[PDB]
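Novice: Just one file: structure.pdb, with PDB, C-alpha atoms and all ligand atoms.
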ATOM      1  CA  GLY A   1     -21.069  31.548  43.888
ATOM      2  CA  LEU A   2     -24.767  32.521  43.224
ATOM      3  CA  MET A   3     -23.862  32.269  39.431
ATOM      4  CA  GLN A   4     -26.065  29.533  37.841
ATOM      5  CA  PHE A   5     -25.992  28.544  34.154
ATOM      6  CA  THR A   6     -29.493  28.747  32.521
ATOM      7  CA  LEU A   7     -30.247  27.327  29.044
ATOM      8  CA  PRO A   8     -33.017  28.309  26.621
ATOM      9  CA  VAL A   9     -36.265  26.441  27.519
ATOM     10  CA  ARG A  10     -35.927  23.798  24.706
ATOM     11  CA  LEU A  11     -32.292  23.034  25.761
ATOM     12  CA  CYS A  12     -33.243  23.184  29.499
ATOM     13  CA  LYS A  13     -35.852  20.385  28.781
ATOM     14  CA  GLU A  14     -34.188  18.348  25.933
ATOM     15  CA  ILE A  15     -30.751  18.157  27.744
ATOM     16  CA  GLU A  16     -32.231  15.805  30.409
ATOM     17  CA  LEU A  17     -33.125  13.268  27.634
ATOM     18  CA  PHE A  18     -30.624  10.575  26.459
ATOM     19  CA  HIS A  19     -31.118  11.418  22.719
ATOM     20  CA  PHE A  20     -30.229  15.134  23.166
ATOM     21  CA  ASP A  21     -28.081  16.626  20.336
ATOM     22  CA  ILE A  22     -25.823  19.510  21.543
ATOM     23  CA  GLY A  23     -26.452  21.443  18.302
ATOM     24  CA  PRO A  24     -24.131  23.145  15.794
ATOM     25  CA  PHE A  25     -23.183  26.243  17.935
ATOM     26  CA  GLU A  26     -19.667  25.400  19.338
ATOM     27  CA  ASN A  27     -19.558  28.520  21.592
ATOM     28  CA  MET A  28     -22.573  27.072  23.571
ATOM     29  CA  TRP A  29     -20.965  23.612  24.297
ATOM     30  CA  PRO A  30     -18.869  24.816  27.332
ATOM     31  CA  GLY A  31     -21.943  26.395  28.995
ATOM     32  CA  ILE A  32     -23.804  23.117  28.313
ATOM     33  CA  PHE A  33     -20.895  21.192  29.949
ATOM     34  CA  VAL A  34     -20.868  23.455  33.068
ATOM     35  CA  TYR A  35     -24.694  23.259  33.288
ATOM     36  CA  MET A  36     -24.340  19.460  33.419
ATOM     37  CA  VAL A  37     -21.554  19.551  36.115
ATOM     38  CA  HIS A  38     -23.580  22.035  38.296
ATOM     39  CA  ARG A  39     -26.801  19.859  38.227
ATOM     40  CA  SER A  40     -24.968  16.479  38.456
ATOM     41  CA  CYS A  41     -22.495  17.342  41.236
ATOM     42  CA  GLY A  42     -23.424  20.758  42.839
ATOM     43  CA  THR A  43     -22.447  24.416  42.022
ATOM     44  CA  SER A  44     -19.702  23.714  44.686
ATOM     45  CA  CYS A  45     -17.623  20.720  43.399
ATOM     46  CA  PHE A  46     -15.333  22.931  41.123
ATOM     47  CA  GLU A  47     -14.145  26.604  41.219
ATOM     48  CA  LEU A  48     -15.966  27.988  38.093
ATOM     49  CA  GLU A  49     -12.795  30.086  37.178
ATOM     50  CA  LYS A  50     -10.604  26.833  37.201
ATOM     51  CA  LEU A  51     -13.236  24.655  35.381
ATOM     52  CA  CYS A  52     -13.709  27.324  32.634
ATOM     53  CA  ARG A  53      -9.923  27.373  32.054
ATOM     54  CA  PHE A  54      -9.707  23.514  32.088
ATOM     55  CA  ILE A  55     -12.617  23.292  29.536
ATOM     56  CA  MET A  56     -10.801  25.669  27.124
ATOM     57  CA  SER A  57      -7.394  23.872  27.395
ATOM     58  CA  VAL A  58      -9.299  20.600  26.752
ATOM     59  CA  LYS A  59     -11.147  22.143  23.731
ATOM     60  CA  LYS A  60      -7.778  23.478  22.337
ATOM     61  CA  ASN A  61      -6.168  19.974  22.595
ATOM     62  CA  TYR A  62      -8.899  18.262  20.427
ATOM     63  CA  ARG A  63      -8.026  18.385  16.708
ATOM     64  CA  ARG A  64     -10.098  19.340  13.618
ATOM     65  CA  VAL A  65     -10.904  15.739  12.605
ATOM     66  CA  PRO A  66     -14.279  14.731  11.162
ATOM     67  CA  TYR A  67     -15.481  12.623  14.153
ATOM     68  CA  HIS A  68     -13.021  12.349  17.126
ATOM     69  CA  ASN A  69     -13.328  16.071  17.883
ATOM     70  CA  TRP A  70     -14.474  18.501  20.616
ATOM     71  CA  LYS A  71     -18.154  17.908  19.595
ATOM     72  CA  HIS A  72     -17.595  14.123  20.205
ATOM     73  CA  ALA A  73     -16.096  14.902  23.638
ATOM     74  CA  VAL A  74     -19.162  16.910  24.776
ATOM     75  CA  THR A  75     -21.766  14.565  23.214
ATOM     76  CA  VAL A  76     -20.049  11.684  25.163
ATOM     77  CA  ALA A  77     -20.054  13.716  28.443
ATOM     78  CA  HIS A  78     -23.755  14.575  27.872
ATOM     79  CA  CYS A  79     -24.658  10.824  27.574
ATOM     80  CA  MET A  80     -22.780  10.176  30.884
ATOM     81  CA  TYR A  81     -24.781  13.137  32.334
ATOM     82  CA  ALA A  82     -28.119  11.492  31.333
ATOM     83  CA  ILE A  83     -26.972   8.124  32.809
ATOM     84  CA  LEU A  84     -25.857   9.715  36.125
ATOM     85  CA  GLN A  85     -29.101  11.764  36.490
ATOM     86  CA  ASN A  86     -31.339   8.659  35.815
ATOM     87  CA  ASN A  87     -29.312   6.618  38.429
ATOM     88  CA  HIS A  88     -28.983   9.315  41.122
ATOM     89  CA  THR A  89     -28.275   7.342  44.324
ATOM     90  CA  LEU A  90     -26.032   4.584  42.759
ATOM     91  CA  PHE A  91     -22.882   6.849  42.419
ATOM     92  CA  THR A  92     -20.691   8.785  44.903
ATOM     93  CA  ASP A  93     -19.934  12.565  44.817
ATOM     94  CA  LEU A  94     -16.411  11.763  43.418
ATOM     95  CA  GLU A  95     -17.536   9.290  40.685
ATOM     96  CA  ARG A  96     -19.974  11.932  39.340
ATOM     97  CA  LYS A  97     -17.101  14.550  39.233
ATOM     98  CA  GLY A  98     -14.580  12.094  37.727
ATOM     99  CA  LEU A  99     -16.708  10.464  34.996
ATOM    100  CA  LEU A 100     -17.893  13.819  33.439
ATOM    101  CA  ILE A 101     -14.222  14.972  33.217
ATOM    102  CA  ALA A 102     -13.240  11.461  32.031
ATOM    103  CA  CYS A 103     -15.788  11.741  29.128
ATOM    104  CA  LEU A 104     -14.708  15.285  28.130
ATOM    105  CA  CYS A 105     -11.054  14.069  28.161
ATOM    106  CA  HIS A 106     -11.447  10.513  26.763
ATOM    107  CA  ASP A 107     -10.264  11.322  23.181
ATOM    108  CA  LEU A 108      -7.796  14.223  23.867
ATOM    109  CA  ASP A 109      -5.396  14.822  20.942
ATOM    110  CA  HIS A 110      -6.986  12.110  18.712
ATOM    111  CA  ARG A 111      -5.565  12.185  15.163
ATOM    112  CA  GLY A 112      -8.529  10.292  13.529
ATOM    113  CA  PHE A 113      -6.693   6.896  13.464
ATOM    114  CA  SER A 114      -7.089   3.447  15.129
ATOM    115  CA  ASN A 115      -4.559   1.842  17.561
ATOM    116  CA  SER A 116      -3.969  -0.641  14.566
ATOM    117  CA  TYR A 117      -2.852   2.109  12.127
ATOM    118  CA  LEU A 118      -0.301   3.468  14.642
ATOM    119  CA  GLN A 119       1.189  -0.088  15.039
ATOM    120  CA  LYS A 120       1.497  -0.625  11.226
ATOM    121  CA  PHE A 121       2.827   2.924  10.812
ATOM    122  CA  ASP A 122       5.194   2.271  13.772
ATOM    123  CA  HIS A 123       4.163   5.638  15.309
ATOM    124  CA  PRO A 124       6.246   6.479  18.453
ATOM    125  CA  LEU A 125       3.067   6.188  20.614
ATOM    126  CA  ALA A 126       2.938   2.445  19.584
ATOM    127  CA  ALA A 127       6.459   2.118  21.161
ATOM    128  CA  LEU A 128       5.594   3.945  24.481
ATOM    129  CA  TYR A 129       2.196   2.057  24.913
ATOM    130  CA  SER A 130       1.818  -1.530  23.432
ATOM    131  CA  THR A 131      -1.980  -1.792  24.176
ATOM    132  CA  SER A 132      -4.762   0.815  24.368
ATOM    133  CA  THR A 133      -2.257   3.094  22.581
ATOM    134  CA  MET A 134      -4.413   6.185  21.948
ATOM    135  CA  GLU A 135      -6.213   5.592  25.268
ATOM    136  CA  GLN A 136      -2.971   5.678  27.379
ATOM    137  CA  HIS A 137      -2.096   8.880  25.473
ATOM    138  CA  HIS A 138      -5.577  10.394  26.152
ATOM    139  CA  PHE A 139      -5.267   9.895  29.959
ATOM    140  CA  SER A 140      -1.641  11.158  29.725
ATOM    141  CA  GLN A 141      -2.837  14.359  27.948
ATOM    142  CA  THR A 142      -5.568  14.701  30.621
ATOM    143  CA  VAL A 143      -3.025  14.618  33.535
ATOM    144  CA  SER A 144      -0.804  17.159  31.612
ATOM    145  CA  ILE A 145      -3.684  19.708  31.400
ATOM    146  CA  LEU A 146      -4.588  19.171  35.103
ATOM    147  CA  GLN A 147      -0.895  20.074  35.862
ATOM    148  CA  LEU A 148      -1.135  23.548  34.184
ATOM    149  CA  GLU A 149      -1.012  26.586  36.544
ATOM    150  CA  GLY A 150      -4.654  27.376  37.510
ATOM    151  CA  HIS A 151      -6.075  24.111  35.999
ATOM    152  CA  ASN A 152      -6.267  21.735  39.031
ATOM    153  CA  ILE A 153     -10.097  21.655  39.202
ATOM    154  CA  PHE A 154      -9.498  18.972  41.906
ATOM    155  CA  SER A 155      -7.224  21.260  44.112
ATOM    156  CA  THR A 156      -9.706  21.055  47.088
ATOM    157  CA  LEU A 157     -10.035  17.226  47.176
ATOM    158  CA  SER A 158      -8.120  15.623  50.107
ATOM    159  CA  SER A 159      -4.855  13.897  48.980
ATOM    160  CA  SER A 160      -6.509  10.392  48.944
ATOM    161  CA  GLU A 161      -9.683  11.716  47.192
ATOM    162  CA  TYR A 162      -7.293  13.123  44.502
ATOM    163  CA  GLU A 163      -5.704   9.665  43.851
ATOM    164  CA  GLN A 164      -9.196   7.993  43.857
ATOM    165  CA  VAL A 165     -10.523  10.464  41.168
ATOM    166  CA  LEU A 166      -7.349  10.157  38.907
ATOM    167  CA  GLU A 167      -7.775   6.310  39.211
ATOM    168  CA  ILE A 168     -11.524   6.509  38.209
ATOM    169  CA  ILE A 169     -10.524   8.770  35.216
ATOM    170  CA  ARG A 170      -7.659   6.392  34.141
ATOM    171  CA  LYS A 171      -9.838   3.212  34.275
ATOM    172  CA  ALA A 172     -12.696   5.197  32.624
ATOM    173  CA  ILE A 173     -10.563   6.409  29.651
ATOM    174  CA  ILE A 174      -8.696   3.078  29.174
ATOM    175  CA  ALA A 175     -12.136   1.300  29.090
ATOM    176  CA  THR A 176     -13.203   3.359  26.012
ATOM    177  CA  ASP A 177     -10.738   1.008  24.213
ATOM    178  CA  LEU A 178     -13.194  -1.149  22.253
ATOM    179  CA  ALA A 179     -10.734  -4.177  22.200
ATOM    180  CA  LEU A 180     -11.368  -4.327  26.021
ATOM    181  CA  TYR A 181     -15.195  -3.922  25.724
ATOM    182  CA  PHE A 182     -15.952  -7.545  24.585
ATOM    183  CA  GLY A 183     -14.235  -9.186  27.614
ATOM    184  CA  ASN A 184     -15.634  -6.528  30.051
ATOM    185  CA  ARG A 185     -19.281  -7.056  28.901
ATOM    186  CA  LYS A 186     -18.833 -10.932  28.882
ATOM    187  CA  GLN A 187     -17.721 -10.807  32.548
ATOM    188  CA  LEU A 188     -20.586  -8.396  33.460
ATOM    189  CA  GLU A 189     -23.129 -10.634  31.561
ATOM    190  CA  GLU A 190     -22.002 -13.789  33.534
ATOM    191  CA  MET A 191     -21.891 -11.860  36.923
ATOM    192  CA  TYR A 192     -25.561 -10.652  36.533
ATOM    193  CA  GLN A 193     -26.979 -14.081  35.398
ATOM    194  CA  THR A 194     -25.065 -16.151  38.026
ATOM    195  CA  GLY A 195     -26.279 -13.233  40.276
ATOM    196  CA  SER A 196     -22.745 -12.576  41.782
ATOM    197  CA  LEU A 197     -22.745  -8.869  40.599
ATOM    198  CA  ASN A 198     -22.002  -6.642  43.659
ATOM    199  CA  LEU A 199     -21.860  -2.800  43.265
ATOM    200  CA  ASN A 200     -19.948  -2.633  46.646
ATOM    201  CA  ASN A 201     -17.116  -4.806  45.070
ATOM    202  CA  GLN A 202     -14.680  -2.153  43.642
ATOM    203  CA  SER A 203     -13.512  -4.502  40.783
ATOM    204  CA  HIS A 204     -17.285  -4.844  39.884
ATOM    205  CA  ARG A 205     -17.937  -1.027  39.971
ATOM    206  CA  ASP A 206     -14.844  -0.660  37.696
ATOM    207  CA  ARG A 207     -16.426  -3.029  35.094
ATOM    208  CA  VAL A 208     -19.865  -1.285  35.357
ATOM    209  CA  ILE A 209     -18.265   2.193  34.946
ATOM    210  CA  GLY A 210     -16.272   0.669  32.031
ATOM    211  CA  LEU A 211     -19.491  -0.446  30.284
ATOM    212  CA  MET A 212     -21.027   3.014  30.943
ATOM    213  CA  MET A 213     -17.954   4.514  29.156
ATOM    214  CA  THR A 214     -18.401   2.216  26.158
ATOM    215  CA  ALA A 215     -22.158   3.101  26.151
ATOM    216  CA  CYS A 216     -21.526   6.920  26.255
ATOM    217  CA  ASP A 217     -18.706   6.625  23.692
ATOM    218  CA  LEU A 218     -21.050   4.826  21.245
ATOM    219  CA  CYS A 219     -24.087   6.998  21.978
ATOM    220  CA  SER A 220     -24.339   8.500  18.452
ATOM    221  CA  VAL A 221     -26.147   5.141  17.634
ATOM    222  CA  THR A 222     -28.796   6.113  20.314
ATOM    223  CA  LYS A 223     -29.733   9.506  18.714
ATOM    224  CA  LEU A 224     -32.737  10.204  16.446
ATOM    225  CA  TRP A 225     -32.277   8.674  12.962
ATOM    226  CA  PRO A 226     -31.130  11.891  11.161
ATOM    227  CA  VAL A 227     -28.393  12.638  13.831
ATOM    228  CA  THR A 228     -27.118   8.997  13.776
ATOM    229  CA  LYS A 229     -27.221   8.915   9.974
ATOM    230  CA  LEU A 230     -25.260  12.215   9.588
ATOM    231  CA  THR A 231     -22.778  11.205  12.347
ATOM    232  CA  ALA A 232     -22.136   7.925  10.370
ATOM    233  CA  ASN A 233     -20.701  10.133   7.484
ATOM    234  CA  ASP A 234     -18.122  11.718   9.869
ATOM    235  CA  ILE A 235     -17.217   8.309  11.265
ATOM    236  CA  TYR A 236     -16.650   6.900   7.711
ATOM    237  CA  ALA A 237     -14.661  10.037   6.703
ATOM    238  CA  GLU A 238     -12.065   9.067   9.337
ATOM    239  CA  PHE A 239     -12.307   5.325   8.396
ATOM    240  CA  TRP A 240     -11.680   5.975   4.639
ATOM    241  CA  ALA A 241      -8.850   8.457   5.402
ATOM    242  CA  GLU A 242      -7.291   5.621   7.505
ATOM    243  CA  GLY A 243      -7.886   3.110   4.670
ATOM    244  CA  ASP A 244      -6.118   5.494   2.255
ATOM    245  CA  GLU A 245      -3.157   5.563   4.737
ATOM    246  CA  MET A 246      -3.205   1.721   4.989
ATOM    247  CA  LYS A 247      -2.948   1.548   1.115
ATOM    248  CA  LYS A 248      -0.114   4.151   1.302
ATOM    249  CA  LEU A 249       1.799   1.621   3.517
ATOM    250  CA  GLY A 250       1.028  -1.096   0.812
ATOM    251  CA  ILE A 251      -1.551  -2.929   3.060
ATOM    252  CA  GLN A 252      -5.112  -3.698   1.772
ATOM    253  CA  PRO A 253      -7.468  -2.314   4.444
ATOM    254  CA  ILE A 254     -10.529  -4.081   5.931
ATOM    255  CA  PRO A 255     -13.612  -3.114   3.804
ATOM    256  CA  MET A 256     -15.071  -0.888   6.638
ATOM    257  CA  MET A 257     -12.098   1.490   5.854
ATOM    258  CA  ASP A 258     -12.028   0.969   2.018
ATOM    259  CA  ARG A 259     -13.757   3.919   0.261
ATOM    260  CA  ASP A 260     -14.050   1.789  -2.940
ATOM    261  CA  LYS A 261     -16.378  -0.535  -0.873
ATOM    262  CA  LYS A 262     -18.720   2.438   0.058
ATOM    263  CA  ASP A 263     -21.588   0.068  -1.130
ATOM    264  CA  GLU A 264     -21.182  -2.242   2.025
ATOM    265  CA  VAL A 265     -21.601   0.472   4.770
ATOM    266  CA  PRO A 266     -25.279  -0.456   5.489
ATOM    267  CA  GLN A 267     -24.257  -4.150   6.023
ATOM    268  CA  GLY A 268     -21.211  -2.949   8.120
ATOM    269  CA  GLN A 269     -23.604  -0.944  10.345
ATOM    270  CA  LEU A 270     -25.807  -4.100  10.910
ATOM    271  CA  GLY A 271     -22.663  -6.019  11.996
ATOM    272  CA  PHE A 272     -21.637  -3.241  14.440
ATOM    273  CA  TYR A 273     -25.230  -2.836  15.880
ATOM    274  CA  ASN A 274     -25.517  -6.683  16.278
ATOM    275  CA  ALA A 275     -21.897  -7.406  17.383
ATOM    276  CA  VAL A 276     -21.328  -4.308  19.648
ATOM    277  CA  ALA A 277     -24.035  -1.651  20.211
ATOM    278  CA  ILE A 278     -27.124  -3.836  21.031
ATOM    279  CA  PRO A 279     -25.144  -6.234  23.264
ATOM    280  CA  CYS A 280     -23.616  -3.113  24.992
ATOM    281  CA  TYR A 281     -26.901  -1.250  25.789
ATOM    282  CA  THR A 282     -28.648  -4.630  26.597
ATOM    283  CA  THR A 283     -26.136  -5.582  29.347
ATOM    284  CA  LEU A 284     -26.159  -1.906  30.482
ATOM    285  CA  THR A 285     -30.004  -1.889  30.801
ATOM    286  CA  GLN A 286     -29.863  -5.193  32.809
ATOM    287  CA  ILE A 287     -27.406  -3.600  35.335
ATOM    288  CA  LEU A 288     -28.996  -0.078  35.168
ATOM    289  CA  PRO A 289     -32.677  -0.393  34.160
ATOM    290  CA  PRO A 290     -33.224   3.385  33.853
ATOM    291  CA  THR A 291     -30.755   3.356  30.782
ATOM    292  CA  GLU A 292     -33.373   1.429  28.720
ATOM    293  CA  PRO A 293     -34.119   4.428  26.426
ATOM    294  CA  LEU A 294     -30.565   3.894  24.984
ATOM    295  CA  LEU A 295     -31.458   0.255  24.132
ATOM    296  CA  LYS A 296     -34.797   1.391  22.634
ATOM    297  CA  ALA A 297     -33.127   4.165  20.530
ATOM    298  CA  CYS A 298     -30.382   1.722  19.392
ATOM    299  CA  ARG A 299     -32.922  -0.940  18.300
ATOM    300  CA  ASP A 300     -34.881   1.781  16.371
ATOM    301  CA  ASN A 301     -31.633   2.778  14.555
ATOM    302  CA  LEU A 302     -30.862  -0.967  13.940
ATOM    303  CA  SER A 303     -34.344  -0.944  12.325
ATOM    304  CA  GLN A 304     -33.544   2.185  10.243
ATOM    305  CA  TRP A 305     -30.262   0.637   8.866
ATOM    306  CA  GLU A 306     -32.292  -2.468   7.802
ATOM    307  CA  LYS A 307     -34.659  -0.161   5.791
ATOM    308  CA  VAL A 308     -31.591   1.338   3.975
ATOM    309  CA  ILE A 309     -30.529  -2.180   2.742
ATOM    310  CA  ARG A 310     -34.152  -3.135   1.784
ATOM    311  CA  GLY A 311     -33.763  -0.175  -0.676
ATOM    312  CA  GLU A 312     -36.559   1.736   1.265
ATOM    313  CA  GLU A 313     -33.982   4.669   1.551
TER     314      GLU A 313
HETATM  315  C1  LIG A 401     -14.212   4.200  16.249
HETATM  316  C2  LIG A 401     -15.376   4.206  17.249
HETATM  317  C3  LIG A 401     -15.956   2.789  17.288
HETATM  318  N1  LIG A 401     -17.123   2.705  16.401
HETATM  319  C4  LIG A 401     -18.107   3.632  16.497
HETATM  320  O1  LIG A 401     -18.052   4.537  17.330
HETATM  321  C5  LIG A 401     -19.274   3.540  15.585
HETATM  322  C6  LIG A 401     -19.432   2.740  14.426
HETATM  323  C7  LIG A 401     -18.556   1.721  13.827
HETATM  324  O2  LIG A 401     -17.556   1.378  14.435
HETATM  325  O3  LIG A 401     -18.941   1.123  12.652
HETATM  326  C8  LIG A 401     -18.080   0.035  12.122
HETATM  327  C9  LIG A 401     -18.464  -0.676  10.775
HETATM  328  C10 LIG A 401     -20.704   2.989  13.911
HETATM  329  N2  LIG A 401     -21.274   3.910  14.647
HETATM  330  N3  LIG A 401     -20.414   4.264  15.713
HETATM  331  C11 LIG A 401     -20.753   5.273  16.729
HETATM  332 MG    MG A 402     -11.196   6.840  21.742
HETATM  333 ZN    ZN A 403     -14.639   8.516  21.816
END
Take the structure in this file and express it as structure tokens.
Ligand SMILES: CCCNC(=O)c1c(C(=O)OCC)cnn1C
Ligand SMILES: [Mg+2]
Ligand SMILES: [Zn+2]
Specialist:
Amino acid sequence: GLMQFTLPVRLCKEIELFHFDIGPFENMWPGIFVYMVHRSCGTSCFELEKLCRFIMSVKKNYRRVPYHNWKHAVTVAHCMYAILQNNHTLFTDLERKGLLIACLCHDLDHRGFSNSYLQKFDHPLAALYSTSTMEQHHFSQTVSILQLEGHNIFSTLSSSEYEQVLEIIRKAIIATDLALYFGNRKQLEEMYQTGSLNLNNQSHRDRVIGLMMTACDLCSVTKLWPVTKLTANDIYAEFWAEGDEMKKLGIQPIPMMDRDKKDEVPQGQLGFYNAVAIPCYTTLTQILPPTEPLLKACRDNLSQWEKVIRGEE
């Protein structure tokens, strides 16, 4: 009850910043996650005992893949923590609870492969879920861990509060499906420029939360250059493994995933910053002006990728 989580001074200070890196000590990441929940939500909102058991079942159900791992889960929850703390009054007690758990859970049981590879492989998950294949699985794994004896961190919500939070978490996780991002940000762009955007309109909140999810999911592009640069290696380790599996099915992969075309990464990053990241943080900043640091950090890293092509590194 009177049990707080305290961090070392540098973590205590740096964690509040968008660009915070959770460091290489895995055994600290749970404490970091609880610290974020307690400051974002209250020391009340979850029974510590039940949270601590949920966090470890969640950790256990992430795999040892180069990028889509437990570290990704906590980095993505941290970025949601920075957004929610810089936009205090805009979000309800339940949204704050739901989104942090959504972000920790959003890639549960990822195998390091795209929705596309499953479809070409004809993986059984591509039969059970025709769109947002991994993402329907991720929410499905979430609900399974919530159903374990001593794991319902939501036990003390009213019945209708329970269905509201599992609905926030489902929309939140599904929205991390990048095929859905393009449409969602188009509709948010138009609604803010024709001025019809209304944060009291549930279908509008849904879209805004969805963009937040995309923004947190992508947030390795908003870190300091050396973090972003080293994360890019992990991301390409999964992409080239997938490309190798595409070749194994006798399909030529897109160049992004072809490890022979390692030369074109810097140009592939420019495409992704221009086509996805910058448009994402731009529209986010417009709706939530305190998220600007993410835009500024993204533009800086766009700049750094340009210097790699110009042969300046
Ligand atoms: C699979 C997740 C979607 N993409 C990314 O998260 C990403 C990329 C990328 O997609 O690059 C494509 C050439 C580059 N940096 N980051 C964070
Ligand atoms: Mg995902
Ligand atoms: Zn993710």
Novice: Can you pull out the residues contacting residue 307 in chain A? Cut-off 10 Å, using only C-alpha atoms, and skip same-chain residues under 6 positions away; I want them as a list in words.
Specialist: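 Non-adjacent residues within range: residues 266, 301 and 313 of chain A.
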Novice: From the set A:2, A:211, A:294, A:284, which residue has the shortest atom-to-atom contact distance to residue 17 in chain A, counting all atoms listed in the file?
Specialist: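 Using all atoms listed in the file, residue 17 in chain A sits closest to A:294.
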Novice: Apply the PyMOL selection byres (((chain A and resi 120) around 12) and not hetatm) to the file shown and report the selected residues as an mmCIF file with C-alpha atoms, keeping the file's coordinate frame.
Specialist:
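Saved result, expr15.cif, follows:
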data_model
loop_
_atom_site.group_PDB
_atom_site.id
_atom_site.type_symbol
_atom_site.label_atom_id
_atom_site.label_comp_id
_atom_site.auth_asym_id
_atom_site.auth_seq_id
_atom_site.Cartn_x
_atom_site.Cartn_y
_atom_site.Cartn_z
ATOM 1 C CA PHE A 113 -6.693 6.896 13.464
ATOM 2 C CA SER A 114 -7.089 3.447 15.129
ATOM 3 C CA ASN A 115 -4.559 1.842 17.561
ATOM 4 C CA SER A 116 -3.969 -0.641 14.566
ATOM 5 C CA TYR A 117 -2.852 2.109 12.127
ATOM 6 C CA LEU A 118 -0.301 3.468 14.642
ATOM 7 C CA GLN A 119 1.189 -0.088 15.039
ATOM 8 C CA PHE A 121 2.827 2.924 10.812
ATOM 9 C CA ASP A 122 5.194 2.271 13.772
ATOM 10 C CA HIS A 123 4.163 5.638 15.309
ATOM 11 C CA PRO A 124 6.246 6.479 18.453
ATOM 12 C CA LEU A 125 3.067 6.188 20.614
ATOM 13 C CA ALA A 126 2.938 2.445 19.584
ATOM 14 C CA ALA A 127 6.459 2.118 21.161
ATOM 15 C CA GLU A 242 -7.291 5.621 7.505
ATOM 16 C CA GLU A 245 -3.157 5.563 4.737
ATOM 17 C CA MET A 246 -3.205 1.721 4.989
ATOM 18 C CA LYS A 247 -2.948 1.548 1.115
ATOM 19 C CA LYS A 248 -0.114 4.151 1.302
ATOM 20 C CA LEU A 249 1.799 1.621 3.517
ATOM 21 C CA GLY A 250 1.028 -1.096 0.812
ATOM 22 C CA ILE A 251 -1.551 -2.929 3.060
ATOM 23 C CA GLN A 252 -5.112 -3.698 1.772
ATOM 24 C CA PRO A 253 -7.468 -2.314 4.444
#
Novice: If we count all atoms listed in the file and set the cut-off at 8 Å, which residues sit around range 77-81 of chain A, ignoring sequence neighbours fewer than 4 positions away in its own chain? Please answer as a PyMOL selection string.
Specialist: chain A and resi 15+18+33+36+40+73+85+99-101+103-104+212-213+216+219
Novice: Once the PyMOL selection byres (((chain A and resi 206) around 12) and not hetatm) has been applied to the shown file, what residues remain in the selection, as a ChimeraX atom specification?
Specialist: /A:91,95,99,167-175,184-185,187-188,197-205,207-213
Novice: I'd like the residues picked by the PyMOL selection byres (((chain A and resi 108) around 8) and not hetatm) written out as a list in words, using the chain letters and numbers from the file.
Specialist: residues 58, 61, 62, 105, 106, 107, 109, 110, 137, 138, 139, 141 and 142 of chain A
Novice: Which of these, A:285, A:47, A:25, A:53, has the shortest distance to residue 148 in chain A once you count all atoms listed in the file?
Specialist: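 Among the listed residues, the smallest separation from residue 148 in chain A belongs to A:53.
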Novice: Specify the axis-aligned box that encloses all atoms of ligand LIG 401 (chain A) listed in the file after padding of 6 Å on each side, stating its centre and edge lengths in Å to one decimal as AutoDock Vina command-line options.
Specialist:
--center_x -17.7 --center_y 2.3 --center_z 14.1 --size_x 19.1 --size_y 17.9 --size_z 18.6
Novice: Could you list, as a list in words, all residues that come within 7 Å of ligand LIG 401 (chain A)? Count only C-alpha atoms and all ligand atoms.
Specialist: residues 178, 217, 218, 219, 220, 221, 232, 235, 256, 265, 268, 269, 271 and 272 of chain A
Novice: Keeping only C-alpha atoms, take the residues you just selected and write them out as an mmCIF file, keeping the file's coordinate frame.
Specialist:
data_model
loop_
_atom_site.group_PDB
_atom_site.id
_atom_site.type_symbol
_atom_site.label_atom_id
_atom_site.label_comp_id
_atom_site.auth_asym_id
_atom_site.auth_seq_id
_atom_site.Cartn_x
_atom_site.Cartn_y
_atom_site.Cartn_z
ATOM 1 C CA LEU A 178 -13.194 -1.149 22.253
ATOM 2 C CA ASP A 217 -18.706 6.625 23.692
ATOM 3 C CA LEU A 218 -21.050 4.826 21.245
ATOM 4 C CA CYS A 219 -24.087 6.998 21.978
ATOM 5 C CA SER A 220 -24.339 8.500 18.452
ATOM 6 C CA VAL A 221 -26.147 5.141 17.634
ATOM 7 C CA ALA A 232 -22.136 7.925 10.370
ATOM 8 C CA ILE A 235 -17.217 8.309 11.265
ATOM 9 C CA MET A 256 -15.071 -0.888 6.638
ATOM 10 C CA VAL A 265 -21.601 0.472 4.770
ATOM 11 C CA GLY A 268 -21.211 -2.949 8.120
ATOM 12 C CA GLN A 269 -23.604 -0.944 10.345
ATOM 13 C CA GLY A 271 -22.663 -6.019 11.996
ATOM 14 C CA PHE A 272 -21.637 -3.241 14.440
#
Novice: Taking all atoms listed in the file into account, name the residue in A:190, A:21, A:128, A:39 that is nearest to residue 140 in chain A.
Specialist: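 Nearest to residue 140 in chain A: A:128.
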Novice: In Å to one decimal, how far is CA of residue 43 in chain A from CA of residue 162 in chain A?
Specialist: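 These atoms are spaced 19.1 Å apart.
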Novice: Which residue is closest to ligand ZN 403 (chain A)? Choose from A:30, A:42, A:112, A:8 and count all atoms listed in the file.
Specialist: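 With all atoms listed in the file as the atom set, the closest residue is A:112.
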Novice: So which residues touch residue 157 in chain A within 12 Å, counting all atoms listed in the file, skipping near sequence neighbours fewer than 6 positions away, as number ranges by chain?
Specialist: A: 44-47, 93-94, 97-98, 163-166
Novice: Report, in Å to a single decimal, how far apart CA of residue 234 in chain A and CA of residue 135 in chain A are.
Specialist: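 Going from CA of residue 135 in chain A over to CA of residue 234 in chain A covers 20.4 Å.
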